[PDB]
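Chemist: Here's a structure for you.
A short reminder: the numbers here are calculations on the coordinates, not readings from a lab. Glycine also receives a Cβ, built like all others from the backbone with ideal geometry; neighbour counts cover every protein chain displayed.
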Amino acid sequence: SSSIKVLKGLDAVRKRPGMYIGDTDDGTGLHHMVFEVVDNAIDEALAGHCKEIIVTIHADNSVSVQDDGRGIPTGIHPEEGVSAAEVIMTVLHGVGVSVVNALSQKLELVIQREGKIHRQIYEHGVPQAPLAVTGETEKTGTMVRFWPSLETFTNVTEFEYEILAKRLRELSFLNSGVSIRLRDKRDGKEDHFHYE
Ligand SMILES: CNc1cccc2cc(C(=O)Nc3cccc(CC(=O)O)c3)c(=O)[nH]c12
């Protein structure tokens, strides 16, 4: 019913990715996938709940963004039949994570909130299962890790550290007070962005 519109939106995006993410052969859209997710963590930092953000380039050519904010609300949003988090990750409308989720072959969500750790896995924007609790924790935050769909992205398929590094530096300048870490698991290089 609402799943109907969601899958409609997901179609829409995988069908015309240039309309939402940008160019799929350039590097431009692929890297925009990261900034869209980081964008979301910056909102949580503009709300005064997030102090540090961690962008990691993993060795299998996936990227993750971790914040120590509140964590996305997990309560089943009882108009639709699923966690508020799932609605955030899957509904269309800065374009929203659902664009990134739709063009990701795989996407892992981990939320730490009200003393629990919740995990959900998606494939091409579609949940494997409802948001489920995997254990206790005393910290809070949201972590989104995604693997770009190779059906969508070609040519430039690998993330460039210096392209992220540049945009993350810029975003730290524009949002005074946030701290951002970039780590490349491939060769160990790190950097830290913070403009007092
Ligand atoms: C990497 N981090 C990361 C990635 C992708 C998406 C998100 C989304 C959120 C998020 O929607 N958070 C949030 C927290 C509490 C209450 C509400 C509802 C509200 O009051 O506006 C929203 C986040 O925190 N982090 C995200």
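Chemist: For the range 54-121, what class follows from the C-alpha gyration tensor (a ≥ b ≥ c being the square roots of its eigenvalues): rounded when a/c is under 1.5, otherwise prolate if a/b is larger than b/c, else oblate?
Modeler: Numbers: a/c = 2.01, a/b = 1.28, b/c = 1.57.
The shape class here is oblate.
Chemist: If you don't mind, there's one more thing I want to ask. With a ≥ b ≥ c taken as the square roots of the eigenvalues of the C-alpha gyration tensor of the range 1-108, please select rounded if a/c is under 1.5 and otherwise prolate if a/b is larger than b/c or oblate if it is not? Mind showing how you got there, number by number?
Modeler: Working: a/c = 1.87, a/b = 1.02, b/c = 1.84.
The shape class here is oblate.
Chemist: Ranked from highest to lowest mean number of other Cβ atoms within 10 Å per residue, what is the order of the peptides 69-75, 151-157, 184-190?
Modeler: Details: 69-75: 18.9, 151-157: 14.9, 184-190: 12.0.
The densest-packed peptide leads the list: 69-75, 151-157, 184-190.
Chemist: I would also like to ask the following. Amide H neighbours of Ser83 under 5 Å, at least 5 residues apart or on other chains, H built in the peptide plane: list them.
Modeler: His77, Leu131
Chemist: Sticking with this structure for a sec: Bins of 10 Å, beginning at zero and ending with the bin holding the largest distance: percent of Cα pairs per bin for the range 129-180, please.
Modeler: The percentages, shortest bin first, are 15, 30, 29, 25, 0.
Chemist: Considering just Cα atoms, how many Å³ per residue does the convex hull of the chain enclose? Don't skip to the answer; put the middle values down first.
Modeler: Numbers: hull volume 23.2 nm³, N = 196.
Convex hull volume per residue, Cα atoms: 118 Å³.
Chemist: Report, ordered by chain and residue number, the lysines lying within cross-link reach of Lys51, taken as a straight Cα distance under 27 Å and ignoring same-chain residues fewer than 8 apart.
Modeler: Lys116, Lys139, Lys166, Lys185, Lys189
Chemist: Assuming a ≥ b ≥ c are the square roots of the Cα gyration tensor eigenvalues, decide whether the range 86-191 counts as rounded (a/c under 1.5), prolate (otherwise, with a/b larger than b/c) or oblate.
Modeler: On the way: a/c = 1.71, a/b = 1.18, b/c = 1.45.
Note, shape of the range 86-191 comes out oblate.
Chemist: Let me ask you something else. So who's got an amide H within less than 5 Å of the one on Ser179, skipping anything under 5 residues away but keeping other chains? H placed 1.01 Å off N, in plane.
Modeler: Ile53
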